[PDB]
Structure formats: structure tokens, C-alpha cells
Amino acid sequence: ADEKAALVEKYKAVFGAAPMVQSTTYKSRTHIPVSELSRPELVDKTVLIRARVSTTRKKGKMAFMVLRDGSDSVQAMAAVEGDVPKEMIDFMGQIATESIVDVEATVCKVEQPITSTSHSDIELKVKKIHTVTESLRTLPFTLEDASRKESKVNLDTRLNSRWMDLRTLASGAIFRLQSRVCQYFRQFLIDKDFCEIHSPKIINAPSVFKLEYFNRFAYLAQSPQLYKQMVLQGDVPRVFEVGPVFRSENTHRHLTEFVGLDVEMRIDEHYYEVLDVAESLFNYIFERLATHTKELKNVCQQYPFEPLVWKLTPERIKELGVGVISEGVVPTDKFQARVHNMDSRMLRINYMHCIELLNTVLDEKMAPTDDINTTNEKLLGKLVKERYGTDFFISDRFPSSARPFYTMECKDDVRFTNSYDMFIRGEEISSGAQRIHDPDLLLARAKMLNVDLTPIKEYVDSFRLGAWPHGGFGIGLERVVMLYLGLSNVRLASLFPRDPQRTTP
């Protein structure tokens, strides 16, 4: 009964549970990631791979597994050979789904029908296999069920075990794309000499999440708005910030905490200088996102979408009489739409003409200063898509009633302001404006809006020692990912979402 016990010690080097990885060795073996397995020079080579068990089963005298690491997966198999005992096949067949294994395997090129694994051309012949960590055998839900198209794992169940959901193809791709949006946002602005700033999220007064702050109370900032303006009055010419923002005032489209992408800059003459930057920024981001075809397809396979169109065609510009600012071409288009140039071809419609366009289909007509609510923003976006062919446009010169106290009014008509909104797929994504850089007019607009600026005396004071004309805009990161991908719920694009009912994980 002891030689059989010694056979346990013989097979320990071939299969079983490896000792816990505990920094006892350094660079003692070469670890090949699953993503590199289609490198041609690895064919017929024996490699060491660490991967998740997607599935594994004993069948006949063999074991078959799919190994996975994020978006990359590969078939693995083992058969009873001289080097490989039948007990290893039993061991492979019973490893729990989602366990992490170290596999020593020969890379074999194979000709077989395409399956779900992404490395179609190759298969691993397994020589040794050890568990690195073992998964519980009860999962909160399977990866496949979490990956189904919508008509099932409901959203709250997926969010409660987000570490499991993130392993799906679409969820992984969504957050890789989110990282790319941040990257492209910053790179564009760094190229244009914008300085990054970090401003406080704890503020003295609501300008409202109230917090206990040692002996007194403080509050969480809704946005860096006031600080990004104040820093320009410290003579920094242009700034951006990427950081958390908090909104206490529960839909499928909004969160209580999210990430703001914020910009503020001096202007020489006109807030169109801000809009020019904003349009070029979005064009840059959209152009670069388009190159991430792996991620886009991995989102699309679970959450089908039509790729965003953000440019008018040159043909449609000509047919409709759309104006071209950089060319001095005045529009003949009935709604007086314009693009800045024939390269980005991004649609701008004045707010009053946006109302006129909505009024073509509305029975109850809107006045030129009426506010466009959420149902009518989607309707406007649909009318814009049908007439001009684009999913992205700007509405220019918003009514004064619809804008915050720091928005510069138009000199010719104070019913309107030096401001604009941007829309993606008929939903608002960014507002930009010239700010009021004069303290007296800033207080005057606040008083008109019955907003008391007494709690933010320092902000007002920051304009009193000489101020630069300036403007800026902000963008919700999760929201721009949601709208770009056409997702149904903004929580699909927030790693650990926060809303009035959710504070965990």
C-alpha cells in the first residue's frame, strides 16, 4: 500500500496543485502569454502558459480544454502517453471552470473548422498541468450566459460579481475602449499645449453630497468647473482635467459618480475657438477608436451597433447647401447648417433652426427660446440623421434660460448665450461656452438666475485681479463610451457603478 503512495510523489511534477506563487524564484522559467501563441516561431515548441480554464472535460481516454486569457483563447488536449499518465487525464477533466492553470504544452498547427477560440490555427498538446489557483465550483453565473445578446444574467447580478463579468469578450472590450478614449483625449490636448490640472473634489459649500470634515461639513464637487476657470486667472493658458465627478440630482443613462473629461482655455475673440478645439478633439478620438477593430467586433458580437457616422459626405454638403466656415461659404440650406471644414465635415445647426426642424414634425409648435427636453433631443437627432446623414452634430447658441450663471450671454440678444451642445446618436454629450470673465456681469447673471454666489466668494474674487476671456467644455467618459458603442445602459461602461441604489462593490 506504499508503492502506490510513492506513485503520488512521482506524478507531482507532472500534474496537481502547484505551490502558491510566493516570490521564491525570479525569472526561472519563460512564461508565454496566450496572446503570443500564434507567433509562427513557436510552432512545435514546448512552452509554459498560464491561463484560465474556460471549459474542460474527460472524454474517452483524453481530456479537452479551452484555455483563455481575456480576448485570447486556445484549444488544449492531452492523451495517455509514456510521459503522460491516465491520472493526469482524470485530473485535467475535473479542474473547476475559471481555475488558473500553468500548462507545459507543445504548440501544434492544426487544420480544423473555426470554433469559438480565437487561436484557430493551433492546438496545445499538454505535457504537464498544475493548478495555480482553484475556482469555487459554484459560479455566480457562467461566462457564456453573461455573454448572451439582450432580448440571461440580469444587470444587478453581473454588477454584484463584476470581476466575473469583466472576463466576457464585450465587457473586456468596453473597458479597453474606455481606456483608449482617455488616452486619445489627453494626447490630443497635450499635443495642443494643454496643461493637466488636478483640482479638489472636496469643496467648502455646494456652489450636494455633504460630508463630515473634522469639526465641520464639506461637500463633493459636481465638476471642476470653478477651479478650471480660476487656474486660467493664474495665467495658465489652457488646461484639462480627468477625474471623478459627482451628481446627486436613477435612469439607465445616468450615474451618481462618474468620470469627467474637462477642458478650459483662453479665447482671443470667440467661443468658436473652444468649439473648434472640441470638434477636432472628437474627430481625433473617433478616428482613432475606429482603428480598434478587435475591440469593436468583440463589443458588437454581444451588443450589435451600427458604427458611428460623425462626418457629412461632401455630396450631401453640396446637395443641401450646407455652409463651410473655413471656406467662407454661406449656407443656402433651409436650416442654415454649416460645417467648419471639408476635412472633418462636422454639422453645426443654430438652436433656433434646430427648433424649426423639430417644428416640421411637431403638432404643438415650440418657440425659439423653448427648451429641448430629452424626448425632443432624440427626435432632433433622428431628424438630423435622416436629413444630413450624421449621428453627431452641434446645436449652437442655446437659450439663456437653459444655461448656468457663468455662461456669457450674446451681445446682440441676451435671450441667447455664447454656448453650444454636442449630441451623439441624439443624446447630449458635451456643453461648451464662453464664460463671464467680468465679476460684475457674473454677479448680475447670478442674481438674475436667483443663484446666491456668497458661498463661492473665492471664485468670484479670482476674476477681480485682471481676467482672461475664456471658455471650455466637459465630457462624461462612461457616457461617451456608451453612446459611441450604442449601449443600452451606462453601467455597462462604468467598472464599479454608483447610482442612488448601488454603493457596492
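Don't overthink the numbering: it's just position in the shown sequence, from 1.
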Scan the PDB entry between residue 249 and residue 250 and report the missing deposited residues as one of none, 1 to 3, 4 to 9, 10 or more.
1 to 3
Classify the number of deposited-sequence residues missing from the model between residue 215 and residue 216: none, 1 to 3, 4 to 9, or 10 or more.
none
Would 461-469 or 54-62 have the larger average of its C-alpha temperature factors, as given in the entry?
54-62
Of 276-284 and 300-308, the one with larger mean CA B-factor
300-308
Reading the B-factor column of the entry, which of 355, 384, 347, 80 has the highest value at its C-alpha atom?
80
Using the temperature factors in the entry, find which of 115, 395, 131, 430 has the highest value at its Cα atom.
115
Using the temperature factors of the C-alpha atoms in this entry, rank residue 479 within its chain: lowest, middle or highest third.
lowest
Ranking every modelled residue in this chain by its Cα temperature factor as given in the entry, which third contains residue 106?
highest
Chain third (lowest, middle, highest) by recorded CA B-factor, residue given as residue 436
lowest
Lowest, middle or highest third: where is residue 98 by C-alpha B factor in its chain?
middle
Sorting by Cα B-factor within the chain, modelled residues only, which third would residue 72 end up in: lowest, middle or highest?
middle
